[PDB]
Amino acid sequence: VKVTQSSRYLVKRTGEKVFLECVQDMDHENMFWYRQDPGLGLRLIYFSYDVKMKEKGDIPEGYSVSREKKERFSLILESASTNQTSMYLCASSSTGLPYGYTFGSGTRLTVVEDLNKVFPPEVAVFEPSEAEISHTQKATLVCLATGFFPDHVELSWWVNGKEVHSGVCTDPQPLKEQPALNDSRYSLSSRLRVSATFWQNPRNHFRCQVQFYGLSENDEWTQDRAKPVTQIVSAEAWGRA
Amino acid sequence: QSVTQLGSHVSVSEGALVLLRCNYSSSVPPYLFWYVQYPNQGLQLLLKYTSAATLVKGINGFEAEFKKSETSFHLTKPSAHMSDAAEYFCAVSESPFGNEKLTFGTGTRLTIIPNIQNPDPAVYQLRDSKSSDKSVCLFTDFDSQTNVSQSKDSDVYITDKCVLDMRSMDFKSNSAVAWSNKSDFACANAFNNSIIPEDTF
C-alpha cells in the first residue's frame, strides 16, 4: 500500500514541457492528479478510471495527462509558467475496495523565467549566549540558512549523530533577503534548545543539517558557480566548558 | 458536487475549543470526510462516515456532526493540543467509501497559541566565534501576548515568533531571530515594537 511519485521536489524553466510520474502497488483503477495552492485547497487537474482512460478535472487547462499501464499515471505540463508552480498531489483508489483514496506525498514544482537565479543555501550555527545560560540555565543554539533559491530546504538537527524532534523549532516560512526583487533569494532560521548542562559537556555534538533540492544532473549551465544541485549543507558545534 | 470551508486560518490557545467549518452541496446523496496535512507532505484521513450515525469520532481526539438540515459537517475538538497544528480539508464524494472523485474544500490552516506560564522575556546576542563578521540576536521567553514586527532597514532581517517544546522538561518557549550585515547595529535596538520594559540584555 504505497502511492509513490517519482520526485519530491523539482525545478524547471518557463516555456518548458514537464513530466511527472505516479505509481501504485494496489492494482487500482483510479488515479487522480491534484494541485495544492494557498487559499485554494486542492483542485483536481485530471483523473483516470481505467488503463488508457482520462477525464478532465475542475482545472485541466495547460495540462495533458497519460495513463498507459494500470499502475502509473503521468501529468504533463504543456508549457511551464509561474502560475503552474505548485504542490502536485497524486492519489489512487479502487472502485470495489472500501478504502477510499490513498495519497502519495507530493512533488513541489517551482518554475522560473531565468535559470541562473537558483542557488544553494550557506549554513551557520550560532552558539548559546552565556547570558541565557546564566539567567535561565538553558542553551539555545541558532541555525541559519541564507542565499537559497528556490524555496526548497529541509532543515534538521542531530545531537550526537541522532536526529532530534525535541527542543526544536523552525520558521514556518522563509523571508525575502531583497523583498523588492521579483526573484529575491530566501533565508530560514531554526532553533535548538537544551539544558545548559548538556551544552556544557564537550562530548556532545550538535549538527545543523539543511537539505536543499535544486537542479538535477540532467540540467545544464556554464556559470562559474557550482551546479546548484540537490545536496545537504550542514554546520556543526561541540559542547563547551 | 461542492464544498466550502469558511475561515482559511484559525489561531486558538492551547486547551481552547477547535472549530473548523465545512458546508456542502450535492445533487446526490452526499458522503463526507476530513483530512489533515502536516509538514509531512501528504494528506491523511482524520475521519469519515457511513450512515451508521450522525455524530462521528475521528483520530487525534476530533469530532464532527453530519447535520443534513444545515448542509454542514463541522469539525471540533474540545481542547486544543499543540500537535493539532496543521492544515485540515473537508471533502465530499458520491461514493460512500470515497472511492470515486472527491471534491475538496479550500482548507483551513490551524494555529495553536502556546500558554506561556512564567514568561521572562530577554534579548541575547549569539555568535559562532569563528563565523567571520557575523552574529545573531535571539528574542525569547515572551508571553504569547507579544508580536514581532517587520524590519524598517534594508540590512536588518527579522523572523516571526516560533515555539519549541523541551518535552523532557514540560517546558515551552517562543523565540524570534534577528540579524544584520551592517556592523553599526546591535541587538540592543533591533526589536522596537510590542516590546516590554521588563527585558533582560
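Order of the sequence lines sets the chain letters (A, B, ...), proteins ahead of strands, with each chain counted from 1. Hydrogens, waters and symmetry mates are skipped; everything else that's a heavy atom, side chains included, is used.
- For the pair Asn174(B)/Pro114(B), a side-chain contact is recorded, criterion being any heavy-atom separation below 4.5 Å from C-beta on.
- Side-chain contact of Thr95(A) with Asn99(B): a donor-acceptor pair under 3.5 Å is absent, judged by distance alone.
- Going from atom CZ of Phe139(B) over to atom SG of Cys137(B) covers 11.5 Å, rounded to the nearest 0.5 Å.
- A parallel orientation is assigned to the rings of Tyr9(A) and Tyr213(A), their planes being inclined by less than 30° (bins at 30° and 60°).
- From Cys22(B), atom SG reaches atom CZ of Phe73(B) across 7.5 Å, with rounding to the nearest 0.5 Å.
- The closest side-chain donor-acceptor pair between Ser93(A) and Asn30(A) falls under 3.5 angstrom.
- Minimum interatomic distance between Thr108(B) and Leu20(B) (heavy atoms only, all atoms of both residues): CG2-CD1, 3.7 Å.
- Between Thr140(B) and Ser175(B), the side chains place no donor N or O within less than 3.5 Å of an acceptor N or O (distance only, hydrogens not considered).
- Using cut-offs of 30° and 60° on the angle between ring planes, the pair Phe104(B) and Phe89(B) is perpendicular.
- Contact between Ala80(A) and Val18(A) at its shortest, heavy atoms only, is CB-CG2, 4.5 Å.
- With 3.5 Å as the limit, one finds a donor-acceptor pair spanning the side chains of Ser189(A) and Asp171(A).
- From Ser144(B), atom OG reaches atom CD of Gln117(B) across 9.5 Å, with rounding to the nearest 0.5 Å.
- The shortest distance between side-chain heavy atoms of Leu126(B) and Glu127(A) does not fall below 4.5 Å.
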Run the side chain to side chain contact (heavy atoms under 4.5 Å, CB included) check on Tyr124(B) and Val142(A) step by step: do they pass?
CA-CA 11 Å; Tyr124(B) 301 118; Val142(A) 164; over 6 Å; no

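- Salt-bridge annotation for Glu55(A) and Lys101(B): absent, with no side-chain N of the basic residue lying under 4.0 Å from a carboxylate O of the acidic one.
- Side-chain atoms of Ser184(A) come within 3.5 Å of backbone atoms of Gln178(A) as a donor-acceptor pair (strictly under, hydrogens ignored).
- The side-chain heavy atoms of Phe126(A) and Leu144(A), taken from C-beta on, include a pair separated by under 4.5 Å.
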Working for side chain to side chain contact (heavy atoms under 4.5 Å, CB included), residues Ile76(A) and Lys17(A):
CA-CA 7 Å; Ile76(A) 308 161; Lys17(A) 178 162 199 181; 3.3 Å; yes

Decide ring-ring contact (aromatic ring centres under 6.0 Å, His included) for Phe32(A) and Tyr101(A); before the verdict, give the C-alpha distance in whole Å, the side-chain angles of both, and the deciding distance to 0.1 Å.
CA-CA 9 Å; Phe32(A) 302 89; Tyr101(A) 277 30; 4.5 Å; yes

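- Annotation for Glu61(A): atom CD counts as buried by contact number, over 12 foreign heavy atoms lying within 6.0 Å.
- Side-chain atoms of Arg207(A) and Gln209(A) form a donor-acceptor pair, as typed in the model, at a separation below 3.5 Å.
- A donor and an acceptor atom, one from each side chain of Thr107(A) and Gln5(A), are nowhere located under 3.5 Å apart.
- Expressed to the nearest 0.5 Å, how far CG of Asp170(B) lies from CG of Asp165(B) amounts to 7.5 Å.
- The pair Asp141(B)-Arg193(A) counts as a salt bridge, with a side-chain nitrogen and a carboxylate oxygen less than 4.0 angstrom apart.
- In this structure, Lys12(A) pairs ionically with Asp219(A), as a charged nitrogen and a carboxylate oxygen lie closer than 4.0 Å.
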Go through it in stages, so that I can follow the logic: the residues are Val65(A) and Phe73(A), the test is side chain to side chain contact (heavy atoms under 4.5 Å, CB included), and I'd like the CA-CA distance, side-chain angles, deciding distance and then a yes or no.
CA-CA 8 Å; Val65(A) 146; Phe73(A) 196 30; 3.0 Å; yes

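- Of the N and O atoms on the side chains of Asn218(A) and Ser216(A), not one donor lies less than 3.5 Å from an acceptor on the other residue.
- Here the CG-CD distance, from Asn60(B) to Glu63(B), works out to 13.5 Å after rounding to the nearest 0.5 Å.
- Here the straight-line distance linking atom CG of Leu10(A) with atom NE2 of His152(A) works out to 7.5 Å at 0.5 Å rounding.
- Counting only N and O atoms by type, the side chains of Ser187(A) and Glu177(A) include a donor and acceptor under 3.5 Å apart.
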Assess the residue pair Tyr35(B) and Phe103(A) against the criterion (ring-ring contact (aromatic ring centres under 6.0 Å, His included)); give the C-alpha distance rounded to whole Å, side-chain angles, the decisive distance to 0.1 Å, and a yes or no.
CA-CA 11 Å; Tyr35(B) 288 80; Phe103(A) 281 93; 5.7 Å; yes

Go through it in stages, so that I can follow the logic: the residues are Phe62(B) and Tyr88(B), the test is ring-ring contact (aromatic ring centres under 6.0 Å, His included), and I'd like the CA-CA distance, side-chain angles, deciding distance and then a yes or no.
CA-CA 12 Å; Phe62(B) 286 89; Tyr88(B) 295 80; 5.4 Å; yes

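- A donor-acceptor pair under 3.5 Å is absent between the side-chain atoms of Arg43(A) and the main chain of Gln36(A), judged by distance alone.
- The minimum heavy-atom distance linking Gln1(B) with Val92(B) is given by the pair N-CG1, 3.6 Å.
- Residues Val163(B) and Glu14(B) form no side-chain contact, since every pair of their non-hydrogen atoms from C-beta on lies 4.5 Å or further apart.
- Evaluation of the salt bridge (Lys or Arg N to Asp or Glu O under 4.0 Å) test over residues 66-83 of chain A, restricted to residues two or more places apart or in two chains, returns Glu21(A)-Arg72(A), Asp27(A)-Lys70(A).
- Annotation: ring pair (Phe, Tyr, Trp, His ring centres under 6.0 Å) contacts of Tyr49(A) (sequence neighbours excluded): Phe47(A).
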